[PDB]
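Coming up are structure 1 and structure 2: the same protein chain in two forms, each one given alone as structure tokens.
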Structure 1
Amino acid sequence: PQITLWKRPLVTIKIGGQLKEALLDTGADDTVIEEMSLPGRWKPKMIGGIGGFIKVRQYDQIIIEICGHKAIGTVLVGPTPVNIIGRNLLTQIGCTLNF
């Protein structure tokens, strides 16, 4: 599809058996999801920007379904105000910016 930017580009995703709403975010290096359980080992990470930094848990090799497109990669879990699909997963679904 082609998604315009008049409003936030929100999509439904499936992660860890749960449906969530998330923002397709080209400014995000990482994918960042609100608190939830994920399988496997994790390690702590800090990410930051406007308003400062938050601590998150980094899980690797997590499968996410985004608009019918399955992709695998690292997911950070923590107190993000909005679920974010970042570049590490946007690349996997072949998402580009066009103008």
Structure 2
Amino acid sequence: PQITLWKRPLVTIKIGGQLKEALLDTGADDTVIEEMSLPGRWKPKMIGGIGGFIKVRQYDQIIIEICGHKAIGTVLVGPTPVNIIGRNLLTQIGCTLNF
């Protein structure tokens, strides 16, 4: 699709069999998703502030569907106030900025 920027680029994603709303965020390196159940192994990471503040679970090789386009990548799962789709997944779906 082509997504205009007059409103926040919030889209429906499908991840772990669940539908969620997420922000397509070219300013974010990484993808962070609210607490949820995901299968497979994960490793603990520390994010936010100076050198980590909040504990999240890093899941690799997670498939996320974004407007009918599947992306595969690393997702950090924890108590984030907003689900963020960052560049690590935007590149996977071939997303570009255009003007």
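All residue numbers here refer to structure 1's sequence, counted from 1. Only the largest set of C-alpha atoms that superpose within 1.5 Å between the two forms is called the rigid core.
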- [ ] With both forms fitted on the core, give yes or no for whether the Cα of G68 moves by 2 angstroms or more between structure 1 and structure 2.
- [x] no
Open item on the list: For a quick test of reading the superposition: does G52 move by 2 Å or more at the CA between structure 1 and structure 2, rigid core aligned?
Closed with: yes
Task: Shift in Å of the C-alpha at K7 between structure 1 and structure 2 after core superposition - done: 2.2
